[PDB]
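Right, one structure below, let's go through it.
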2 protein chains.
Amino acid sequence: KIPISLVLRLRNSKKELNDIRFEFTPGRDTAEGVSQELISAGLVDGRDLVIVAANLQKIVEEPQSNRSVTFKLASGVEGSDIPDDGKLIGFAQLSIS
Amino acid sequence: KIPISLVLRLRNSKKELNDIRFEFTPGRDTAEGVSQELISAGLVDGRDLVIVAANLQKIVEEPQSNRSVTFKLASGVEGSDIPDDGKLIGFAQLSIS
Ligand SMILES: [Ca+2]
Ligand SMILES: [Mg+2]
Ligand SMILES: [Mg+2]
Ligand code: NA
Ligand code: NA
């Protein structure tokens with residue numbers, strides 16, 4: 001169908017926050033496939049494969065209704081940073097562009 | 001039991017953002033009942049009961065993992081306004097406090 005324009009906001013190894021812009025085409029892409037692409041590109045931690053896919057699936061099922069989600073990262077449980085959803089420390093935000 | 005503490009962010013007719021704070025106790029409260037409380041208080045449009053309750057239910061199922069959601073309102077927009085998810089015009093934001 002028509003590609004969905006997405007923004008994944010999360011912090012890298014330098015703890016810098018970045019807007020990762022990518023697209024998802026229903027019927028062509030899969031949530032877990034796109035999540036792996038992001039990991040292979042070094043943009044997402046591999047430990048977050050399942051969680052990022054799960055939340056990507058939530059947004060693409062009904063994108064006119066569900067515009068953004070903020071969710072805990074598995075990789076953040078294993079870091080020393082104190083988790084803080086409001087500043088995306090140990091959490092990520094996935095939104096329609 | 002320790003209630004879940006939540007905040008619903010809505011923009012009023014003067015284009016002002018308001019944060020509505022409320023609580024949800026699992027095993028006691030229901031998503032529909034707490035949503036109707038917000039409506040009875042005059043804080044949420046009755047037209048939005050179903051969508052707000054549905055999103056409340058989703059966030060209280062795993063509140064440690066799912067921290068915020070931005071979703072379309074059924075009460076819609078009026079005047080010269082067009083829906084705008086970034087500005088929460090015709091959309092609402094529900095978060096763990
Ligand atoms: Ca927008
Ligand atoms: Mg693609
Ligand atoms: Mg009361
Ligand atoms: Na917090
Ligand atoms: Na206007």
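Ligands are numbered from 1 in the order shown, residues from 1 within each chain, and chains are lettered A, B, ... in the order they appear in the structure tokens.
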
Next on the checklist: Just list as number ranges by chain whatever in range 32-88 of chain A DSSP marks as strand (DSSP E).
Outcome noted: A: 66-72

Please, could you write that set of residues out with N, CA, C and O atoms as a tab-separated table (two decimals), in the first residue's frame?
chain	number	residue	atom	x	y	z
A	66	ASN	N	-3.55	5.85	16.11
A	66	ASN	CA	-2.44	5.75	17.03
A	66	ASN	C	-1.24	6.47	16.42
A	66	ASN	O	-0.62	5.98	15.48
A	67	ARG	N	-0.92	7.65	16.96
A	67	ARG	CA	0.07	8.53	16.36
A	67	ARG	C	1.44	8.45	17.01
A	67	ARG	O	2.44	8.77	16.36
A	68	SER	N	1.52	8.09	18.29
A	68	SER	CA	2.81	8.04	18.96
A	68	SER	C	2.72	7.09	20.15
A	68	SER	O	1.65	6.95	20.76
A	69	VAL	N	3.84	6.44	20.45
A	69	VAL	CA	4.00	5.64	21.67
A	69	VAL	C	5.40	5.82	22.25
A	69	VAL	O	6.38	5.99	21.52
A	70	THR	N	5.47	5.77	23.57
A	70	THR	CA	6.73	5.82	24.31
A	70	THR	C	6.82	4.57	25.16
A	70	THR	O	5.90	4.26	25.93
A	71	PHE	N	7.91	3.83	24.99
A	71	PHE	CA	8.01	2.51	25.57
A	71	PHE	C	9.40	2.28	26.12
A	71	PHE	O	10.39	2.88	25.68
A	72	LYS	N	9.47	1.38	27.10
A	72	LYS	CA	10.74	1.04	27.73
A	72	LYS	C	11.61	0.17	26.83
A	72	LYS	O	11.14	-0.72	26.13

Next on the checklist: At a cut-off of 8 Å and counting only C-alpha atoms and all ligand atoms, what residues surround ligand 4? Please answer as a PyMOL selection string.
Outcome noted: (chain A and resi 84-86) or (chain B and resi 96-97)

Next on the checklist: Nearest residue to chain B out of A:30, A:65, A:40, A:80, using only C-alpha atoms?
Outcome noted: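 Distance minimum relative to chain B lands on A:65.
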
Spatial neighbours of residue 29 in chain B, 12 Å, only C-alpha atoms, chain gap at least 4 places, as a PDB file with C-alpha atoms, in the first residue's frame:
ATOM      1  CA  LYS B   1      -2.955  -1.081  46.595  1.00  0.00           C
ATOM      2  CA  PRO B   3      -2.812   3.309  42.158  1.00  0.00           C
ATOM      3  CA  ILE B   4      -1.371   4.063  38.759  1.00  0.00           C
ATOM      4  CA  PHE B  22      -6.073  11.161  37.735  1.00  0.00           C
ATOM      5  CA  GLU B  23      -5.529   7.729  39.240  1.00  0.00           C
ATOM      6  CA  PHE B  24      -6.385   4.155  38.282  1.00  0.00           C
ATOM      7  CA  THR B  25      -6.412   1.240  40.726  1.00  0.00           C
ATOM      8  CA  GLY B  33     -15.717   4.061  34.691  1.00  0.00           C
ATOM      9  CA  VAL B  34     -12.654   6.278  35.164  1.00  0.00           C
ATOM     10  CA  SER B  35     -13.138   7.722  31.683  1.00  0.00           C
ATOM     11  CA  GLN B  36     -16.756   8.550  32.508  1.00  0.00           C
ATOM     12  CA  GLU B  37     -15.574  10.236  35.717  1.00  0.00           C
ATOM     13  CA  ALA B  53     -11.300   4.216  27.732  1.00  0.00           C
ATOM     14  CA  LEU B  56      -6.560   3.919  29.172  1.00  0.00           C
ATOM     15  CA  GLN B  57      -7.054   0.145  29.195  1.00  0.00           C
ATOM     16  CA  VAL B  60      -2.707   0.240  32.506  1.00  0.00           C
TER      17      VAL B  60
END

Next on the checklist: To test your reading of the structure, identify every residue in chain A that backbone DSSP assigns to alpha helix (DSSP H), and report it as a PyMOL selection string.
Outcome noted: chain A and resi 31-40+49-61+74-77

Checklist entry - Which chains and residue numbers are within 12 Å of ligand 5, counting only C-alpha atoms and all ligand atoms, if I want them as a ChimeraX atom specification? => result /B:13-15,77-84,89

Could I have chain B as a short mmCIF file (atom, residue, chain, number, x, y, z; two decimals) with N, CA and C atoms, in the first residue's frame after it is superimposed on chain A by least squares, pairing all C-alpha atoms in sequence order?
data_model
loop_
_atom_site.label_atom_id
_atom_site.label_comp_id
_atom_site.auth_asym_id
_atom_site.auth_seq_id
_atom_site.Cartn_x
_atom_site.Cartn_y
_atom_site.Cartn_z
N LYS B 1 1.81 1.91 -3.72
CA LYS B 1 1.26 2.19 -2.39
C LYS B 1 2.08 3.26 -1.69
N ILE B 2 1.42 4.11 -0.91
CA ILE B 2 2.09 5.18 -0.17
C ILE B 2 2.55 4.62 1.17
N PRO B 3 3.85 4.58 1.45
CA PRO B 3 4.31 4.04 2.73
C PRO B 3 3.92 4.93 3.90
N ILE B 4 3.85 4.31 5.07
CA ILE B 4 3.76 5.06 6.32
C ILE B 4 5.16 5.57 6.63
N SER B 5 5.26 6.85 7.00
CA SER B 5 6.53 7.46 7.37
C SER B 5 6.62 7.57 8.88
N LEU B 6 7.70 7.04 9.46
CA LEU B 6 7.82 6.95 10.91
C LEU B 6 9.13 7.56 11.38
N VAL B 7 9.18 7.86 12.67
CA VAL B 7 10.40 8.33 13.32
C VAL B 7 10.54 7.65 14.67
N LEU B 8 11.71 7.08 14.92
CA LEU B 8 12.07 6.47 16.20
C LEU B 8 13.09 7.36 16.88
N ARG B 9 12.74 7.88 18.06
CA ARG B 9 13.63 8.77 18.80
C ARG B 9 14.27 8.00 19.93
N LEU B 10 15.60 8.02 19.95
CA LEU B 10 16.46 7.27 20.86
C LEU B 10 17.54 8.20 21.37
N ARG B 11 18.02 7.95 22.59
CA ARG B 11 19.14 8.71 23.14
C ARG B 11 20.38 7.83 23.07
N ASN B 12 21.48 8.37 22.53
CA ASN B 12 22.69 7.57 22.38
C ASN B 12 23.53 7.62 23.66
N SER B 13 24.71 6.98 23.60
CA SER B 13 25.58 6.89 24.77
C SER B 13 26.19 8.23 25.16
N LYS B 14 26.28 9.19 24.23
CA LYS B 14 26.68 10.55 24.60
C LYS B 14 25.52 11.37 25.14
N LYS B 15 24.42 10.73 25.54
CA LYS B 15 23.23 11.41 26.04
C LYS B 15 22.60 12.32 25.00
N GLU B 16 22.82 12.06 23.71
CA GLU B 16 22.24 12.89 22.66
C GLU B 16 21.04 12.19 22.03
N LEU B 17 19.98 12.96 21.81
CA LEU B 17 18.79 12.44 21.16
C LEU B 17 19.01 12.37 19.65
N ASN B 18 18.62 11.26 19.05
CA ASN B 18 18.69 11.07 17.61
C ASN B 18 17.34 10.62 17.10
N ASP B 19 16.91 11.19 15.98
CA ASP B 19 15.67 10.79 15.33
C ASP B 19 16.01 9.92 14.13
N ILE B 20 15.53 8.68 14.13
CA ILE B 20 15.74 7.73 13.03
C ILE B 20 14.47 7.71 12.17
N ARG B 21 14.57 8.17 10.91
CA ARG B 21 13.43 8.18 9.99
C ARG B 21 13.42 6.92 9.14
N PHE B 22 12.26 6.29 9.01
CA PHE B 22 12.14 5.10 8.16
C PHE B 22 10.71 4.97 7.66
N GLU B 23 10.50 4.05 6.74
CA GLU B 23 9.19 3.85 6.13
C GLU B 23 8.68 2.43 6.35
N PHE B 24 7.37 2.29 6.26
CA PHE B 24 6.72 0.98 6.38
C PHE B 24 5.61 0.90 5.36
N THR B 25 5.66 -0.10 4.47
CA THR B 25 4.61 -0.28 3.48
C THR B 25 3.70 -1.44 3.86
N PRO B 26 2.45 -1.20 4.24
CA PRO B 26 1.54 -2.31 4.58
C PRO B 26 1.36 -3.27 3.41
N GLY B 27 1.24 -4.56 3.73
CA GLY B 27 1.12 -5.63 2.75
C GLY B 27 2.42 -6.03 2.09
N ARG B 28 3.52 -5.39 2.45
CA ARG B 28 4.82 -5.67 1.86
C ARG B 28 5.83 -5.89 2.97
N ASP B 29 5.95 -4.90 3.84
CA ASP B 29 6.87 -4.95 4.96
C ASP B 29 6.27 -5.79 6.09
N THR B 30 7.13 -6.29 6.97
CA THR B 30 6.67 -6.82 8.25
C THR B 30 7.32 -6.01 9.37
N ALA B 31 6.66 -5.97 10.53
CA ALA B 31 7.21 -5.19 11.64
C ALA B 31 8.57 -5.74 12.07
N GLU B 32 8.72 -7.06 12.06
CA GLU B 32 10.00 -7.65 12.46
C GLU B 32 11.09 -7.36 11.44
N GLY B 33 10.77 -7.48 10.14
CA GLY B 33 11.77 -7.21 9.11
C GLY B 33 12.28 -5.77 9.12
N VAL B 34 11.37 -4.80 9.26
CA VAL B 34 11.81 -3.40 9.29
C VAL B 34 12.60 -3.11 10.55
N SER B 35 12.18 -3.69 11.67
CA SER B 35 12.94 -3.56 12.91
C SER B 35 14.34 -4.16 12.77
N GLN B 36 14.46 -5.31 12.10
CA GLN B 36 15.80 -5.88 11.94
C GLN B 36 16.64 -5.04 10.98
N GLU B 37 16.01 -4.34 10.04
CA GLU B 37 16.76 -3.43 9.18
C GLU B 37 17.40 -2.32 10.00
N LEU B 38 16.66 -1.78 10.97
CA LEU B 38 17.19 -0.72 11.83
C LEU B 38 18.36 -1.23 12.65
N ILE B 39 18.25 -2.47 13.14
CA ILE B 39 19.34 -3.12 13.87
C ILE B 39 20.54 -3.38 12.95
N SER B 40 20.29 -3.87 11.73
CA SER B 40 21.41 -4.14 10.83
C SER B 40 22.16 -2.87 10.48
N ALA B 41 21.46 -1.73 10.45
CA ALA B 41 22.08 -0.44 10.22
C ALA B 41 22.87 0.07 11.42
N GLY B 42 22.84 -0.62 12.56
CA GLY B 42 23.52 -0.14 13.75
C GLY B 42 22.80 0.92 14.54
N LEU B 43 21.51 1.14 14.26
CA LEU B 43 20.78 2.27 14.84
C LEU B 43 19.98 1.88 16.07
N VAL B 44 19.62 0.61 16.18
CA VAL B 44 18.83 0.06 17.29
C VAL B 44 19.60 -1.13 17.85
N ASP B 45 19.57 -1.29 19.17
CA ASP B 45 20.21 -2.44 19.82
C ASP B 45 19.48 -3.72 19.43
N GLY B 46 20.24 -4.76 19.05
CA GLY B 46 19.60 -6.03 18.73
C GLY B 46 18.73 -6.56 19.85
N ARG B 47 19.06 -6.22 21.10
CA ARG B 47 18.26 -6.64 22.24
C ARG B 47 16.83 -6.10 22.17
N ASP B 48 16.61 -5.04 21.40
CA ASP B 48 15.31 -4.37 21.35
C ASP B 48 14.45 -4.80 20.17
N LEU B 49 14.86 -5.83 19.42
CA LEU B 49 14.12 -6.26 18.24
C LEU B 49 12.66 -6.53 18.55
N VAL B 50 12.42 -7.32 19.60
CA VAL B 50 11.07 -7.81 19.86
C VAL B 50 10.15 -6.66 20.27
N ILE B 51 10.64 -5.79 21.16
CA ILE B 51 9.81 -4.71 21.68
C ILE B 51 9.54 -3.66 20.61
N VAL B 52 10.57 -3.34 19.82
CA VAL B 52 10.40 -2.35 18.76
C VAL B 52 9.43 -2.88 17.71
N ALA B 53 9.59 -4.14 17.31
CA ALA B 53 8.67 -4.73 16.34
C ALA B 53 7.25 -4.74 16.87
N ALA B 54 7.07 -5.07 18.15
CA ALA B 54 5.72 -5.14 18.70
C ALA B 54 5.06 -3.78 18.68
N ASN B 55 5.83 -2.73 18.97
CA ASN B 55 5.27 -1.38 18.99
C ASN B 55 5.10 -0.83 17.59
N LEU B 56 6.00 -1.18 16.67
CA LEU B 56 5.80 -0.83 15.27
C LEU B 56 4.49 -1.41 14.75
N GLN B 57 4.26 -2.69 15.02
CA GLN B 57 3.05 -3.36 14.55
C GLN B 57 1.80 -2.64 15.05
N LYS B 58 1.82 -2.19 16.31
CA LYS B 58 0.67 -1.51 16.88
C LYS B 58 0.40 -0.18 16.19
N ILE B 59 1.46 0.56 15.87
CA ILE B 59 1.26 1.89 15.33
C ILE B 59 0.83 1.84 13.86
N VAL B 60 1.24 0.81 13.11
CA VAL B 60 0.89 0.76 11.68
C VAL B 60 -0.50 0.18 11.44
N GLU B 61 -1.13 -0.39 12.47
CA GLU B 61 -2.46 -0.96 12.32
C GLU B 61 -3.52 0.12 12.08
N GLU B 62 -3.42 1.25 12.79
CA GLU B 62 -4.32 2.38 12.58
C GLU B 62 -3.53 3.67 12.72
N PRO B 63 -2.69 3.99 11.72
CA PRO B 63 -1.77 5.13 11.86
C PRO B 63 -2.45 6.48 11.89
N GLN B 64 -3.69 6.58 11.40
CA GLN B 64 -4.41 7.85 11.46
C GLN B 64 -4.82 8.18 12.88
N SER B 65 -5.10 7.16 13.69
CA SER B 65 -5.57 7.30 15.06
C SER B 65 -4.45 7.28 16.08
N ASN B 66 -3.48 6.37 15.92
CA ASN B 66 -2.41 6.17 16.90
C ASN B 66 -1.12 6.74 16.34
N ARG B 67 -0.68 7.85 16.92
CA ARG B 67 0.35 8.69 16.33
C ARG B 67 1.69 8.59 17.02
N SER B 68 1.73 8.25 18.31
CA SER B 68 3.00 8.15 19.00
C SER B 68 2.85 7.20 20.19
N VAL B 69 3.96 6.57 20.55
CA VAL B 69 4.03 5.66 21.68
C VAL B 69 5.43 5.75 22.29
N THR B 70 5.48 5.76 23.62
CA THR B 70 6.73 5.74 24.37
C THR B 70 6.77 4.46 25.18
N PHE B 71 7.84 3.66 25.02
CA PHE B 71 7.86 2.31 25.58
C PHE B 71 9.25 1.96 26.11
N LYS B 72 9.26 1.01 27.05
CA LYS B 72 10.49 0.55 27.67
C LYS B 72 11.32 -0.30 26.72
N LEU B 73 12.63 -0.11 26.75
CA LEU B 73 13.58 -0.87 25.95
C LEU B 73 14.15 -2.02 26.78
N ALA B 74 14.39 -3.16 26.13
CA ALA B 74 15.00 -4.30 26.80
C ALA B 74 16.50 -4.14 26.95
N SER B 75 17.11 -3.28 26.14
CA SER B 75 18.54 -3.04 26.23
C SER B 75 18.91 -2.33 27.53
N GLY B 76 17.94 -1.74 28.21
CA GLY B 76 18.15 -1.26 29.56
C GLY B 76 19.09 -0.07 29.65
N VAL B 77 19.68 0.08 30.83
CA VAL B 77 20.53 1.22 31.14
C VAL B 77 21.85 0.70 31.69
N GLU B 78 22.85 1.58 31.74
CA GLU B 78 24.18 1.18 32.16
C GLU B 78 24.86 2.33 32.88
N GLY B 79 25.86 1.99 33.69
CA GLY B 79 26.62 3.01 34.39
C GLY B 79 25.87 3.55 35.60
N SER B 80 25.89 4.86 35.75
CA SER B 80 25.13 5.52 36.80
C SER B 80 23.70 5.84 36.37
N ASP B 81 23.36 5.59 35.11
CA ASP B 81 22.03 5.91 34.60
C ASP B 81 20.95 5.09 35.29
N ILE B 82 19.79 5.70 35.47
CA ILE B 82 18.59 4.97 35.85
C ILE B 82 17.55 5.19 34.76
N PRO B 83 16.62 4.25 34.54
CA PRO B 83 15.58 4.46 33.53
C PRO B 83 14.85 5.78 33.77
N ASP B 84 14.53 6.47 32.69
CA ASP B 84 13.92 7.79 32.79
C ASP B 84 13.09 7.96 31.53
N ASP B 85 11.76 7.84 31.66
CA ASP B 85 10.94 7.85 30.45
C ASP B 85 10.87 9.25 29.84
N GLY B 86 10.77 10.29 30.67
CA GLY B 86 10.77 11.65 30.15
C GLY B 86 12.00 11.99 29.33
N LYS B 87 13.18 11.52 29.75
CA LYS B 87 14.44 11.75 29.05
C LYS B 87 14.80 10.65 28.05
N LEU B 88 13.95 9.63 27.86
CA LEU B 88 14.22 8.52 26.93
C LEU B 88 15.57 7.86 27.23
N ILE B 89 15.80 7.57 28.50
CA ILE B 89 16.92 6.76 28.95
C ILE B 89 16.33 5.40 29.34
N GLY B 90 16.60 4.38 28.51
CA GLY B 90 15.96 3.09 28.67
C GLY B 90 14.55 3.03 28.15
N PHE B 91 14.13 4.04 27.38
CA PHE B 91 12.81 4.11 26.76
C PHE B 91 13.01 4.69 25.37
N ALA B 92 12.08 4.38 24.47
CA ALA B 92 12.13 4.92 23.11
C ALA B 92 10.78 5.52 22.75
N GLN B 93 10.79 6.43 21.77
CA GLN B 93 9.57 7.06 21.28
C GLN B 93 9.43 6.78 19.79
N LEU B 94 8.28 6.23 19.40
CA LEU B 94 8.00 5.90 18.01
C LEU B 94 6.77 6.67 17.56
N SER B 95 6.89 7.39 16.44
CA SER B 95 5.81 8.27 16.04
C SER B 95 5.63 8.19 14.53
N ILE B 96 4.42 8.51 14.09
CA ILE B 96 4.20 8.84 12.68
C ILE B 96 4.89 10.16 12.39
N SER B 97 5.60 10.22 11.27
CA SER B 97 6.32 11.44 10.87
C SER B 97 5.40 12.63 10.64
#
